[PDB]
Structure formats: structure tokens, C-alpha cells
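Have a look at protein-v2.pdb; it's PDB, N, CA and C atoms and all ligand atoms:
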ATOM      1  N   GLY A   1      -6.466  14.819  -0.649
ATOM      2  CA  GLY A   1      -5.827  15.877  -1.410
ATOM      3  C   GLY A   1      -4.341  15.646  -1.587
ATOM      4  N   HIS A   2      -3.573  15.932  -0.537
ATOM      5  CA  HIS A   2      -2.126  15.776  -0.593
ATOM      6  C   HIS A   2      -1.744  14.340  -0.265
ATOM      7  N   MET A   3      -2.374  13.380  -0.941
ATOM      8  CA  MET A   3      -2.073  11.967  -0.753
ATOM      9  C   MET A   3      -1.164  11.410  -1.842
ATOM     10  N   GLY A   4      -0.792  12.221  -2.831
ATOM     11  CA  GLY A   4       0.085  11.758  -3.892
ATOM     12  C   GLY A   4      -0.560  10.674  -4.740
ATOM     13  N   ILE A   5       0.290   9.845  -5.348
ATOM     14  CA  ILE A   5      -0.192   8.691  -6.098
ATOM     15  C   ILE A   5      -0.687   7.641  -5.121
ATOM     16  N   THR A   6      -1.875   7.099  -5.384
ATOM     17  CA  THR A   6      -2.511   6.142  -4.496
ATOM     18  C   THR A   6      -2.876   4.879  -5.264
ATOM     19  N   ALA A   7      -3.079   3.797  -4.517
ATOM     20  CA  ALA A   7      -3.399   2.505  -5.103
ATOM     21  C   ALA A   7      -4.196   1.685  -4.100
ATOM     22  N   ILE A   8      -4.814   0.618  -4.602
ATOM     23  CA  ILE A   8      -5.553  -0.340  -3.788
ATOM     24  C   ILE A   8      -4.801  -1.661  -3.814
ATOM     25  N   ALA A   9      -4.721  -2.316  -2.662
ATOM     26  CA  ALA A   9      -4.070  -3.617  -2.586
ATOM     27  C   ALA A   9      -4.902  -4.664  -3.313
ATOM     28  N   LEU A  10      -4.262  -5.393  -4.228
ATOM     29  CA  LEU A  10      -4.924  -6.520  -4.873
ATOM     30  C   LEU A  10      -4.856  -7.778  -4.020
ATOM     31  N   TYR A  11      -3.794  -7.935  -3.232
ATOM     32  CA  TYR A  11      -3.593  -9.132  -2.432
ATOM     33  C   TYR A  11      -3.075  -8.756  -1.054
ATOM     34  N   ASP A  12      -3.164  -9.719  -0.143
ATOM     35  CA  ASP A  12      -2.489  -9.609   1.140
ATOM     36  C   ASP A  12      -0.980  -9.595   0.929
ATOM     37  N   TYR A  13      -0.280  -8.782   1.718
ATOM     38  CA  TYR A  13       1.175  -8.829   1.735
ATOM     39  C   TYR A  13       1.669  -8.639   3.157
ATOM     40  N   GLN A  14       2.584  -9.509   3.575
ATOM     41  CA  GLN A  14       3.209  -9.440   4.889
ATOM     42  C   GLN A  14       4.632  -8.928   4.720
ATOM     43  N   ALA A  15       4.952  -7.833   5.406
ATOM     44  CA  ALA A  15       6.290  -7.267   5.340
ATOM     45  C   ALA A  15       7.330  -8.311   5.723
ATOM     46  N   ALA A  16       8.366  -8.433   4.896
ATOM     47  CA  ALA A  16       9.477  -9.334   5.168
ATOM     48  C   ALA A  16      10.623  -8.645   5.895
ATOM     49  N   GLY A  17      10.441  -7.392   6.292
ATOM     50  CA  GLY A  17      11.482  -6.658   6.989
ATOM     51  C   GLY A  17      10.942  -5.318   7.430
ATOM     52  N   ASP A  18      11.709  -4.665   8.307
ATOM     53  CA  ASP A  18      11.277  -3.387   8.860
ATOM     54  C   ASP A  18      11.253  -2.279   7.816
ATOM     55  N   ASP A  19      11.893  -2.481   6.666
ATOM     56  CA  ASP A  19      11.830  -1.515   5.576
ATOM     57  C   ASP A  19      10.624  -1.724   4.672
ATOM     58  N   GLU A  20       9.783  -2.711   4.962
ATOM     59  CA  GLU A  20       8.597  -2.995   4.170
ATOM     60  C   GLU A  20       7.338  -2.720   4.983
ATOM     61  N   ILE A  21       6.223  -2.598   4.271
ATOM     62  CA  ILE A  21       4.919  -2.413   4.886
ATOM     63  C   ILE A  21       4.070  -3.651   4.615
ATOM     64  N   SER A  22       2.977  -3.770   5.361
ATOM     65  CA  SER A  22       2.007  -4.836   5.170
ATOM     66  C   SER A  22       0.667  -4.234   4.776
ATOM     67  N   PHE A  23      -0.121  -4.996   4.022
ATOM     68  CA  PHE A  23      -1.489  -4.575   3.758
ATOM     69  C   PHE A  23      -2.351  -5.785   3.437
ATOM     70  N   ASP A  24      -3.646  -5.598   3.627
ATOM     71  CA  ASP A  24      -4.697  -6.541   3.302
ATOM     72  C   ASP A  24      -5.348  -6.156   1.984
ATOM     73  N   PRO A  25      -6.024  -7.090   1.316
ATOM     74  CA  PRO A  25      -6.737  -6.728   0.087
ATOM     75  C   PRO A  25      -7.663  -5.546   0.330
ATOM     76  N   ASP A  26      -7.741  -4.660  -0.662
ATOM     77  CA  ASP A  26      -8.604  -3.482  -0.670
ATOM     78  C   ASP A  26      -8.098  -2.359   0.235
ATOM     79  N   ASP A  27      -6.973  -2.536   0.929
ATOM     80  CA  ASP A  27      -6.364  -1.430   1.659
ATOM     81  C   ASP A  27      -5.845  -0.376   0.685
ATOM     82  N   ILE A  28      -5.772   0.863   1.162
ATOM     83  CA  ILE A  28      -5.320   1.988   0.351
ATOM     84  C   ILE A  28      -3.867   2.290   0.687
ATOM     85  N   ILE A  29      -3.037   2.396  -0.347
ATOM     86  CA  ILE A  29      -1.645   2.809  -0.222
ATOM     87  C   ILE A  29      -1.515   4.184  -0.863
ATOM     88  N   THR A  30      -0.925   5.129  -0.134
ATOM     89  CA  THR A  30      -0.822   6.512  -0.580
ATOM     90  C   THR A  30       0.637   6.949  -0.644
ATOM     91  N   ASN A  31       0.841   8.155  -1.182
ATOM     92  CA  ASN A  31       2.162   8.783  -1.236
ATOM     93  C   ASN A  31       3.183   7.854  -1.884
ATOM     94  N   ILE A  32       2.781   7.227  -2.985
ATOM     95  CA  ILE A  32       3.585   6.180  -3.605
ATOM     96  C   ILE A  32       4.755   6.807  -4.348
ATOM     97  N   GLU A  33       5.951   6.268  -4.116
ATOM     98  CA  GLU A  33       7.156   6.613  -4.858
ATOM     99  C   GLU A  33       7.605   5.373  -5.620
ATOM    100  N   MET A  34       7.721   5.492  -6.942
ATOM    101  CA  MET A  34       8.112   4.360  -7.784
ATOM    102  C   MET A  34       9.634   4.345  -7.930
ATOM    103  N   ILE A  35      10.289   3.902  -6.856
ATOM    104  CA  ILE A  35      11.744   3.993  -6.797
ATOM    105  C   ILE A  35      12.391   2.942  -7.692
ATOM    106  N   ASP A  36      11.695   1.843  -7.971
ATOM    107  CA  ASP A  36      12.137   0.900  -8.993
ATOM    108  C   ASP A  36      10.915   0.182  -9.553
ATOM    109  N   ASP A  37      11.151  -0.668 -10.556
ATOM    110  CA  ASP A  37      10.047  -1.262 -11.303
ATOM    111  C   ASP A  37       9.349  -2.367 -10.523
ATOM    112  N   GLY A  38      10.056  -3.022  -9.608
ATOM    113  CA  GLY A  38       9.481  -4.121  -8.862
ATOM    114  C   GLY A  38       8.975  -3.716  -7.493
ATOM    115  N   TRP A  39       9.618  -2.723  -6.885
ATOM    116  CA  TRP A  39       9.314  -2.326  -5.517
ATOM    117  C   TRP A  39       9.067  -0.829  -5.451
ATOM    118  N   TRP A  40       7.938  -0.453  -4.862
ATOM    119  CA  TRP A  40       7.584   0.936  -4.621
ATOM    120  C   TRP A  40       7.624   1.216  -3.124
ATOM    121  N   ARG A  41       7.519   2.496  -2.785
ATOM    122  CA  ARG A  41       7.473   2.944  -1.400
ATOM    123  C   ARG A  41       6.233   3.801  -1.201
ATOM    124  N   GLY A  42       5.599   3.660  -0.044
ATOM    125  CA  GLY A  42       4.389   4.409   0.216
ATOM    126  C   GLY A  42       3.928   4.247   1.647
ATOM    127  N   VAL A  43       2.718   4.742   1.901
ATOM    128  CA  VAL A  43       2.118   4.758   3.229
ATOM    129  C   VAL A  43       0.848   3.923   3.194
ATOM    130  N   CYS A  44       0.696   3.031   4.173
ATOM    131  CA  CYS A  44      -0.526   2.248   4.321
ATOM    132  C   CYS A  44      -0.829   2.098   5.801
ATOM    133  N   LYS A  45      -1.974   2.629   6.218
ATOM    134  CA  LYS A  45      -2.423   2.526   7.603
ATOM    135  C   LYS A  45      -1.357   3.048   8.563
ATOM    136  N   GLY A  46      -0.768   4.189   8.211
ATOM    137  CA  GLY A  46       0.191   4.857   9.065
ATOM    138  C   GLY A  46       1.591   4.290   9.033
ATOM    139  N   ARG A  47       1.837   3.248   8.241
ATOM    140  CA  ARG A  47       3.158   2.650   8.115
ATOM    141  C   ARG A  47       3.800   3.084   6.804
ATOM    142  N   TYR A  48       5.116   3.274   6.840
ATOM    143  CA  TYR A  48       5.891   3.780   5.716
ATOM    144  C   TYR A  48       6.941   2.747   5.336
ATOM    145  N   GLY A  49       7.042   2.437   4.049
ATOM    146  CA  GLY A  49       8.093   1.561   3.591
ATOM    147  C   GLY A  49       7.786   0.936   2.238
ATOM    148  N   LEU A  50       8.553  -0.104   1.939
ATOM    149  CA  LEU A  50       8.572  -0.738   0.629
ATOM    150  C   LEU A  50       7.511  -1.825   0.515
ATOM    151  N   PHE A  51       7.079  -2.071  -0.720
ATOM    152  CA  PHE A  51       6.102  -3.115  -1.008
ATOM    153  C   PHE A  51       6.206  -3.475  -2.481
ATOM    154  N   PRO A  52       5.815  -4.697  -2.858
ATOM    155  CA  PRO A  52       5.913  -5.110  -4.264
ATOM    156  C   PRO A  52       4.862  -4.419  -5.128
ATOM    157  N   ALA A  53       5.320  -3.839  -6.239
ATOM    158  CA  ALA A  53       4.453  -3.005  -7.065
ATOM    159  C   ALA A  53       3.283  -3.794  -7.637
ATOM    160  N   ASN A  54       3.516  -5.043  -8.033
ATOM    161  CA  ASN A  54       2.476  -5.820  -8.698
ATOM    162  C   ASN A  54       1.397  -6.315  -7.743
ATOM    163  N   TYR A  55       1.511  -6.027  -6.448
ATOM    164  CA  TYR A  55       0.481  -6.375  -5.480
ATOM    165  C   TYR A  55      -0.576  -5.289  -5.320
ATOM    166  N   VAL A  56      -0.462  -4.175  -6.046
ATOM    167  CA  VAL A  56      -1.411  -3.079  -5.925
ATOM    168  C   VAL A  56      -1.895  -2.673  -7.311
ATOM    169  N   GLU A  57      -2.984  -1.908  -7.320
ATOM    170  CA  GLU A  57      -3.589  -1.385  -8.539
ATOM    171  C   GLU A  57      -3.747   0.117  -8.372
ATOM    172  N   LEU A  58      -3.133   0.884  -9.271
ATOM    173  CA  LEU A  58      -3.169   2.336  -9.166
ATOM    174  C   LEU A  58      -4.589   2.855  -9.353
ATOM    175  N   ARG A  59      -4.936   3.887  -8.589
ATOM    176  CA  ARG A  59      -6.247   4.515  -8.678
ATOM    177  C   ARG A  59      -6.204   5.632  -9.714
ATOM    178  N   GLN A  60      -7.200   5.656 -10.595
ATOM    179  CA  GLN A  60      -7.262   6.648 -11.668
ATOM    180  C   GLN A  60      -5.965   6.687 -12.474
TER     181      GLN A  60
HETATM  182 MG    MG A 101      -2.921  -9.207   6.032
END

How would this structure read if it were set down as C-alpha cells?
Ligand SMILES: [Mg+2]
Amino acid sequence: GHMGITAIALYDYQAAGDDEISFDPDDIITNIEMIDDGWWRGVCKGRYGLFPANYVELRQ
């Protein structure tokens, strides 16, 4: 419900810093904020931070 904008990971991503998150393919990213065109912010598996926008696919 209150998950905001959500997406599915298209690829593996390893956080390059403590301000980034990591995810595996098919993981769900929620509460997405599109703070810029290349990098978004959201929640994945209880972690909060930045990730590359083109590594995910928006749901609906
Ligand atoms: Mg991984």
C-alpha cells in the first residue's frame, strides 16, 4: 500500500558507497524518489539510499 513508486531490479548492483544500496536481479525497490535522471533513491531489503535508475524497471 504505502510503498510509493516501486520497481524491479533488472541487474545486479553493488553499492559503491554507504549512500548507495545493493540489489540482485528481480529484487523489489520501493519508496522511489527520482532525485535526478541518472540516480534515484529508494528502499530495497531494508536498506535506504541511491542506485542507478537504468538498473531497474518501474512497476505499472
Ligand atoms: Mg548481488

query = So which residues touch residue 42 (chain A) within 8 Å, counting all atoms listed in the file, skipping near sequence neighbours fewer than 6 positions away, as a PyMOL selection string?
reply = chain A and resi 21+29-34+48-51

Taking all atoms of region 26-34 of chain A that the file lists and extending 8 Å past them on each side, where is the centre of the axis-aligned box and how long are its edges? Answer in Å to one decimal, as JSON.
{"center_x": 0.5, "center_y": 2.1, "center_z": -3.1, "size_x": 34.2, "size_y": 29.4, "size_z": 25.6}

If you count only C-alpha atoms and all ligand atoms, which residues end up within 12 Å of ligand MG 101 (chain A), as a PDB file with N, CA and C atoms, keeping the file's coordinate frame?
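Contents of selection09.pdb, as written:
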ATOM      1  N   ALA A   9      -4.721  -2.316  -2.662  1.00  0.00           N
ATOM      2  CA  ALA A   9      -4.070  -3.617  -2.586  1.00  0.00           C
ATOM      3  C   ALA A   9      -4.902  -4.664  -3.313  1.00  0.00           C
ATOM      4  N   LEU A  10      -4.262  -5.393  -4.228  1.00  0.00           N
ATOM      5  CA  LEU A  10      -4.924  -6.520  -4.873  1.00  0.00           C
ATOM      6  C   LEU A  10      -4.856  -7.778  -4.020  1.00  0.00           C
ATOM      7  N   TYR A  11      -3.794  -7.935  -3.232  1.00  0.00           N
ATOM      8  CA  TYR A  11      -3.593  -9.132  -2.432  1.00  0.00           C
ATOM      9  C   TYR A  11      -3.075  -8.756  -1.054  1.00  0.00           C
ATOM     10  N   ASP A  12      -3.164  -9.719  -0.143  1.00  0.00           N
ATOM     11  CA  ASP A  12      -2.489  -9.609   1.140  1.00  0.00           C
ATOM     12  C   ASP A  12      -0.980  -9.595   0.929  1.00  0.00           C
ATOM     13  N   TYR A  13      -0.280  -8.782   1.718  1.00  0.00           N
ATOM     14  CA  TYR A  13       1.175  -8.829   1.735  1.00  0.00           C
ATOM     15  C   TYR A  13       1.669  -8.639   3.157  1.00  0.00           C
ATOM     16  N   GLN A  14       2.584  -9.509   3.575  1.00  0.00           N
ATOM     17  CA  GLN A  14       3.209  -9.440   4.889  1.00  0.00           C
ATOM     18  C   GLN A  14       4.632  -8.928   4.720  1.00  0.00           C
ATOM     19  N   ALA A  15       4.952  -7.833   5.406  1.00  0.00           N
ATOM     20  CA  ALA A  15       6.290  -7.267   5.340  1.00  0.00           C
ATOM     21  C   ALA A  15       7.330  -8.311   5.723  1.00  0.00           C
ATOM     22  N   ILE A  21       6.223  -2.598   4.271  1.00  0.00           N
ATOM     23  CA  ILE A  21       4.919  -2.413   4.886  1.00  0.00           C
ATOM     24  C   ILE A  21       4.070  -3.651   4.615  1.00  0.00           C
ATOM     25  N   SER A  22       2.977  -3.770   5.361  1.00  0.00           N
ATOM     26  CA  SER A  22       2.007  -4.836   5.170  1.00  0.00           C
ATOM     27  C   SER A  22       0.667  -4.234   4.776  1.00  0.00           C
ATOM     28  N   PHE A  23      -0.121  -4.996   4.022  1.00  0.00           N
ATOM     29  CA  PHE A  23      -1.489  -4.575   3.758  1.00  0.00           C
ATOM     30  C   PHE A  23      -2.351  -5.785   3.437  1.00  0.00           C
ATOM     31  N   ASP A  24      -3.646  -5.598   3.627  1.00  0.00           N
ATOM     32  CA  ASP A  24      -4.697  -6.541   3.302  1.00  0.00           C
ATOM     33  C   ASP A  24      -5.348  -6.156   1.984  1.00  0.00           C
ATOM     34  N   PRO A  25      -6.024  -7.090   1.316  1.00  0.00           N
ATOM     35  CA  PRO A  25      -6.737  -6.728   0.087  1.00  0.00           C
ATOM     36  C   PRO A  25      -7.663  -5.546   0.330  1.00  0.00           C
ATOM     37  N   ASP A  26      -7.741  -4.660  -0.662  1.00  0.00           N
ATOM     38  CA  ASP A  26      -8.604  -3.482  -0.670  1.00  0.00           C
ATOM     39  C   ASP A  26      -8.098  -2.359   0.235  1.00  0.00           C
ATOM     40  N   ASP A  27      -6.973  -2.536   0.929  1.00  0.00           N
ATOM     41  CA  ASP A  27      -6.364  -1.430   1.659  1.00  0.00           C
ATOM     42  C   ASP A  27      -5.845  -0.376   0.685  1.00  0.00           C
ATOM     43  N   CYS A  44       0.696   3.031   4.173  1.00  0.00           N
ATOM     44  CA  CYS A  44      -0.526   2.248   4.321  1.00  0.00           C
ATOM     45  C   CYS A  44      -0.829   2.098   5.801  1.00  0.00           C
ATOM     46  N   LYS A  45      -1.974   2.629   6.218  1.00  0.00           N
ATOM     47  CA  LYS A  45      -2.423   2.526   7.603  1.00  0.00           C
ATOM     48  C   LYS A  45      -1.357   3.048   8.563  1.00  0.00           C
TER      49      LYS A  45
END

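CA of residue 2 (chain A) lies 22.8 Å from atom N of residue 39 (chain A).
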
task = Enumerate the residues of chain A with a DSSP assignment of strand (DSSP E), computed from the backbone, and present them as a PyMOL selection string.
result = chain A and resi 7-9+28-33+39-44+47-52+56-58

Kindly export the residues of the current selection with N, CA and C atoms, as an mmCIF file, in the coordinates of the input.
data_model
loop_
_atom_site.group_PDB
_atom_site.id
_atom_site.type_symbol
_atom_site.label_atom_id
_atom_site.label_comp_id
_atom_site.auth_asym_id
_atom_site.auth_seq_id
_atom_site.Cartn_x
_atom_site.Cartn_y
_atom_site.Cartn_z
ATOM 1 N N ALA A 7 -3.079 3.797 -4.517
ATOM 2 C CA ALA A 7 -3.399 2.505 -5.103
ATOM 3 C C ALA A 7 -4.196 1.685 -4.100
ATOM 4 N N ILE A 8 -4.814 0.618 -4.602
ATOM 5 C CA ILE A 8 -5.553 -0.340 -3.788
ATOM 6 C C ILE A 8 -4.801 -1.661 -3.814
ATOM 7 N N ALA A 9 -4.721 -2.316 -2.662
ATOM 8 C CA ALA A 9 -4.070 -3.617 -2.586
ATOM 9 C C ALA A 9 -4.902 -4.664 -3.313
ATOM 10 N N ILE A 28 -5.772 0.863 1.162
ATOM 11 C CA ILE A 28 -5.320 1.988 0.351
ATOM 12 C C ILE A 28 -3.867 2.290 0.687
ATOM 13 N N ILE A 29 -3.037 2.396 -0.347
ATOM 14 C CA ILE A 29 -1.645 2.809 -0.222
ATOM 15 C C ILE A 29 -1.515 4.184 -0.863
ATOM 16 N N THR A 30 -0.925 5.129 -0.134
ATOM 17 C CA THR A 30 -0.822 6.512 -0.580
ATOM 18 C C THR A 30 0.637 6.949 -0.644
ATOM 19 N N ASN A 31 0.841 8.155 -1.182
ATOM 20 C CA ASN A 31 2.162 8.783 -1.236
ATOM 21 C C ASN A 31 3.183 7.854 -1.884
ATOM 22 N N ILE A 32 2.781 7.227 -2.985
ATOM 23 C CA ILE A 32 3.585 6.180 -3.605
ATOM 24 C C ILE A 32 4.755 6.807 -4.348
ATOM 25 N N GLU A 33 5.951 6.268 -4.116
ATOM 26 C CA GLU A 33 7.156 6.613 -4.858
ATOM 27 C C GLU A 33 7.605 5.373 -5.620
ATOM 28 N N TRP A 39 9.618 -2.723 -6.885
ATOM 29 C CA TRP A 39 9.314 -2.326 -5.517
ATOM 30 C C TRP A 39 9.067 -0.829 -5.451
ATOM 31 N N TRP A 40 7.938 -0.453 -4.862
ATOM 32 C CA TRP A 40 7.584 0.936 -4.621
ATOM 33 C C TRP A 40 7.624 1.216 -3.124
ATOM 34 N N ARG A 41 7.519 2.496 -2.785
ATOM 35 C CA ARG A 41 7.473 2.944 -1.400
ATOM 36 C C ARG A 41 6.233 3.801 -1.201
ATOM 37 N N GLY A 42 5.599 3.660 -0.044
ATOM 38 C CA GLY A 42 4.389 4.409 0.216
ATOM 39 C C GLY A 42 3.928 4.247 1.647
ATOM 40 N N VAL A 43 2.718 4.742 1.901
ATOM 41 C CA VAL A 43 2.118 4.758 3.229
ATOM 42 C C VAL A 43 0.848 3.923 3.194
ATOM 43 N N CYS A 44 0.696 3.031 4.173
ATOM 44 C CA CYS A 44 -0.526 2.248 4.321
ATOM 45 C C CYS A 44 -0.829 2.098 5.801
ATOM 46 N N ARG A 47 1.837 3.248 8.241
ATOM 47 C CA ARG A 47 3.158 2.650 8.115
ATOM 48 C C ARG A 47 3.800 3.084 6.804
ATOM 49 N N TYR A 48 5.116 3.274 6.840
ATOM 50 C CA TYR A 48 5.891 3.780 5.716
ATOM 51 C C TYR A 48 6.941 2.747 5.336
ATOM 52 N N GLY A 49 7.042 2.437 4.049
ATOM 53 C CA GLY A 49 8.093 1.561 3.591
ATOM 54 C C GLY A 49 7.786 0.936 2.238
ATOM 55 N N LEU A 50 8.553 -0.104 1.939
ATOM 56 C CA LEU A 50 8.572 -0.738 0.629
ATOM 57 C C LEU A 50 7.511 -1.825 0.515
ATOM 58 N N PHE A 51 7.079 -2.071 -0.720
ATOM 59 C CA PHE A 51 6.102 -3.115 -1.008
ATOM 60 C C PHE A 51 6.206 -3.475 -2.481
ATOM 61 N N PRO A 52 5.815 -4.697 -2.858
ATOM 62 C CA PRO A 52 5.913 -5.110 -4.264
ATOM 63 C C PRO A 52 4.862 -4.419 -5.128
ATOM 64 N N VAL A 56 -0.462 -4.175 -6.046
ATOM 65 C CA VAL A 56 -1.411 -3.079 -5.925
ATOM 66 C C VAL A 56 -1.895 -2.673 -7.311
ATOM 67 N N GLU A 57 -2.984 -1.908 -7.320
ATOM 68 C CA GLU A 57 -3.589 -1.385 -8.539
ATOM 69 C C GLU A 57 -3.747 0.117 -8.372
ATOM 70 N N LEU A 58 -3.133 0.884 -9.271
ATOM 71 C CA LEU A 58 -3.169 2.336 -9.166
ATOM 72 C C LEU A 58 -4.589 2.855 -9.353
#

ask   = Quick one: which residues end up in the PyMOL selection byres (((chain A and resi 6) around 5) and not hetatm) for this structure, as a ChimeraX atom specification?
value = /A:4-5,7-8,29-30,58-59

Please produce an output containing N, CA and C atoms for each residue in the selection, written as an mmCIF file, in the frame of the given file.
data_model
loop_
_atom_site.group_PDB
_atom_site.id
_atom_site.type_symbol
_atom_site.label_atom_id
_atom_site.label_comp_id
_atom_site.auth_asym_id
_atom_site.auth_seq_id
_atom_site.Cartn_x
_atom_site.Cartn_y
_atom_site.Cartn_z
ATOM 1 N N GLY A 4 -0.792 12.221 -2.831
ATOM 2 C CA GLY A 4 0.085 11.758 -3.892
ATOM 3 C C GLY A 4 -0.560 10.674 -4.740
ATOM 4 N N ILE A 5 0.290 9.845 -5.348
ATOM 5 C CA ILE A 5 -0.192 8.691 -6.098
ATOM 6 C C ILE A 5 -0.687 7.641 -5.121
ATOM 7 N N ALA A 7 -3.079 3.797 -4.517
ATOM 8 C CA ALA A 7 -3.399 2.505 -5.103
ATOM 9 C C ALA A 7 -4.196 1.685 -4.100
ATOM 10 N N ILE A 8 -4.814 0.618 -4.602
ATOM 11 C CA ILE A 8 -5.553 -0.340 -3.788
ATOM 12 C C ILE A 8 -4.801 -1.661 -3.814
ATOM 13 N N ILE A 29 -3.037 2.396 -0.347
ATOM 14 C CA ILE A 29 -1.645 2.809 -0.222
ATOM 15 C C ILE A 29 -1.515 4.184 -0.863
ATOM 16 N N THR A 30 -0.925 5.129 -0.134
ATOM 17 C CA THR A 30 -0.822 6.512 -0.580
ATOM 18 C C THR A 30 0.637 6.949 -0.644
ATOM 19 N N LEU A 58 -3.133 0.884 -9.271
ATOM 20 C CA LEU A 58 -3.169 2.336 -9.166
ATOM 21 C C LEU A 58 -4.589 2.855 -9.353
ATOM 22 N N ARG A 59 -4.936 3.887 -8.589
ATOM 23 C CA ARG A 59 -6.247 4.515 -8.678
ATOM 24 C C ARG A 59 -6.204 5.632 -9.714
#

ask   = Can you tell me how far atom N of residue 18 (chain A) sits from atom C of residue 1 (chain A), in Å to one decimal?
value = 27.7 Å

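Interatomic distance, atom N of residue 57 (chain A) against atom C of residue 28 (chain A): 9.1 Å.
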